[PDB]
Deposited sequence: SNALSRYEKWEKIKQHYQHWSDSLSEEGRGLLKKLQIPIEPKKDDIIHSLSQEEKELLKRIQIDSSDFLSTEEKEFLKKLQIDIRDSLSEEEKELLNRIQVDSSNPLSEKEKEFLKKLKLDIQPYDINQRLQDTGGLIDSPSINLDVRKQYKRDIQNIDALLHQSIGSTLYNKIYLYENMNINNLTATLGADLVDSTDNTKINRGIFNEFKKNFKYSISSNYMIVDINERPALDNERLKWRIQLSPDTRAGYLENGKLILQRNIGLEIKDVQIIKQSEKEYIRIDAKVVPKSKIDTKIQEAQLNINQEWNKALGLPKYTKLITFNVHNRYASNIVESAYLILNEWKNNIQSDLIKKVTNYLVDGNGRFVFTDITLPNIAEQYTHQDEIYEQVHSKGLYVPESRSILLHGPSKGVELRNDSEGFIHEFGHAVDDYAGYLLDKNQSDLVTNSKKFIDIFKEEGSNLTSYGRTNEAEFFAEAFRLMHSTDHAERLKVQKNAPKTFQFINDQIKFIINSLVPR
């Protein structure tokens, strides 16, 4: 019985609940309901030239919510003028982006669970204001102290706990086409099998909030987790039949099936709570294995640390399994000599291929070279010349690209750009796209390739490189055709690098 099971759990935690102080309850409430920014106070703090700038700016050219909040911000600023003006109003200026980069630090909500997920538990990551960073730390530590009572040896194997979830949260890449296009009540059997094949374990770095009784799905809640706790899993009762689980727990995926609820298809994920260290072990074992493979394959020292698994979140095992596929497509589409030469260069600078489910501003390969948070970047992928590293963020959705394999190759094009400029002058060590020859090439052919390739010389080069190494024959030819100077320039650098 649903209501019986509910009361039985509430009872188990009744003394715990009644013992909560005023600050303890408010802390638990603040966690469930994050404190949103005050858009009135934000707008008030802007100069009226910045308001006009924020009024007419196309904000999506830069999170979706950040753009949605800014659009919520813009709409609130725009609701004082004409109807005709608003209907009319419906890359960036370097004045515009430079403005948004500083505005991003003022619109961040105080969200404990989000701070944990983004950092993967590494809350000392210098990606937010120090004072706020210390505030999260106090709350998190205090919540840890609150969640001290375990589920117990009696209840752990007599109950199931449930969690409805949006697919895009795990990976927005597969979430785009896991629902059948022809029939949205159906799940694409193809993607499901791959999804199921690579999900063997999961990690929760924040506080999971689960339902005692299964709640009917909302709009984009196509994932329905069924969780069995372990006897010493620490938790707390929340009002309206919910449990808050301790942070830093591991989940073994026991079964992934397609089920039917109300003539619509959902994915059920059965998972059992295990020690997080047990899963961290499997991750570290996988990290050492993939490095052993690629050290031999690349002609590198046996113990070279090149590939990093910075994995802390709910779709952990796929981040691991995707890195294998990504590097394989990378190996297949790029000359082995171009690869070895450039990779050895990265290793000289103690570089890494970082595959992670935490946000890039919280990746040490970035923030140790980027002190200003307004210069810190989150995106699907990145190349950081200061650390000679490629960073790839699994969960997020990427701009204009299909899979992550194309994303990595694009990032590798950045390393090629780097290495080309180094060989050109080993004392200056600048990017070859900063050379005047390529600059003029960009001024001409810079608008022929992909939309994002129009951003700058470095980006144009990377996009060009990616398309020149695509599996699609047509897109290789488009570069050779629409950007012949760029096409030849890269082949020049590739020849240059190999013959070193």
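Peer 1: Can you list the gaps, in order, where the deposited sequence has no modelled residues?
Peer 2: Missing from the model are residues 1-4, 67-69, 98-105, 516-519.
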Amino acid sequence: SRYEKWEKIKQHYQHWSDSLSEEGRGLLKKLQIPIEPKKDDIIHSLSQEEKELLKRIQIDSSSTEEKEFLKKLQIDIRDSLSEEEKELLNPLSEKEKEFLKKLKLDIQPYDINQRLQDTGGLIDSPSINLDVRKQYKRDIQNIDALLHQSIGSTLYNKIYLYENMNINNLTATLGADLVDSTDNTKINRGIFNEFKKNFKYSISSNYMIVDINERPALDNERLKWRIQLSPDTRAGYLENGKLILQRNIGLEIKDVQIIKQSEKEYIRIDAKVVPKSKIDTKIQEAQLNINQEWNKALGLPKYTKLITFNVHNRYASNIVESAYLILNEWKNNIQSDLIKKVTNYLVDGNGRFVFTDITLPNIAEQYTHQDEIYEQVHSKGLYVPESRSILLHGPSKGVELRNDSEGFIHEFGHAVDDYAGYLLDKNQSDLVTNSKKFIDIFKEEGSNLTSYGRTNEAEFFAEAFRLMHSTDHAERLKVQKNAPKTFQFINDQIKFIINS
From here on, numbers count along this sequence of modelled residues.
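For clarity, a rigid core is taken as the largest C-alpha set superposing within 1.5 Å between two forms.
Peer 1: Quick one: with the core lined up, is it 68-76 or 419-427 that wanders further in 8 other deposited structures of this protein, going by C-alpha RMS?
Peer 2: Farther on average in 8 other deposited structures of this protein: 68-76.
Peer 1: After fitting on the rigid core, pick out whichever of 27-35 or 51-59 shows the bigger RMS C-alpha deviation in 8 other deposited structures of this protein.
Peer 2: Larger mean C-alpha displacement, comparing 27-35 and 51-59 in 8 other deposited structures of this protein, is found in 51-59.
Peer 1: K95: absent from a third or more of the other PDB entries compared?
Peer 2: No: coordinates for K95 present in every compared entry.
Peer 1: Among the other entries of this protein that model both neighbours of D111, is it absent from at least a third?
Peer 2: No, modelled in all of them.
Peer 1: Going by the B-factors listed in the PDB entry, is the mean over the C-alpha atoms higher for 435-443 or for 53-61?
Peer 2: On average, C-alpha B-factors are higher across 53-61.
Peer 1: Could you check the entry and say whether 249-257 or 179-187 has the higher mean CA B-factor?
Peer 2: Higher mean C-alpha B-factor in the PDB entry: 179-187.
Peer 1: Using the entry's values, work out which of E83, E214, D417, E293 has the largest Cα B factor.
Peer 2: Of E83, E214, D417, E293, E83 has the highest C-alpha B-factor.
Peer 1: Specify which of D124, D280, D337, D404 carries the largest Cα B factor in the deposited PDB entry.
Peer 2: The record points to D404.
Peer 1: Taking the values exactly as deposited, rank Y303 by C-alpha B-factor within its chain and report the matching third: lowest, middle or highest.
Peer 2: Its C-alpha B-factor, which the entry lists for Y303, ranks in the highest third among residues of this chain.
Peer 1: Test of reading the entry: by CA B factor among the chain's modelled residues, which third contains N491?
Peer 2: Within its chain, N491 is a middle-third residue by C-alpha B-factor, going by the deposited values.
Peer 1: Would the CA B-factor of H12 place it in the lowest, middle or highest third of its chain?
Peer 2: CA B-factor rank for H12: lowest third.
Peer 1: Looking at the C-alpha B-factor of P91, is it in the lowest, middle or highest third of its chain?
Peer 2: Ranked within chain, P91 CA B lands in the highest tercile.
Peer 1: Among the modelled residues of its chain, does the C-alpha B-factor of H44 lie in the lowest, middle or highest third?
Peer 2: It falls in the top third of the chain.
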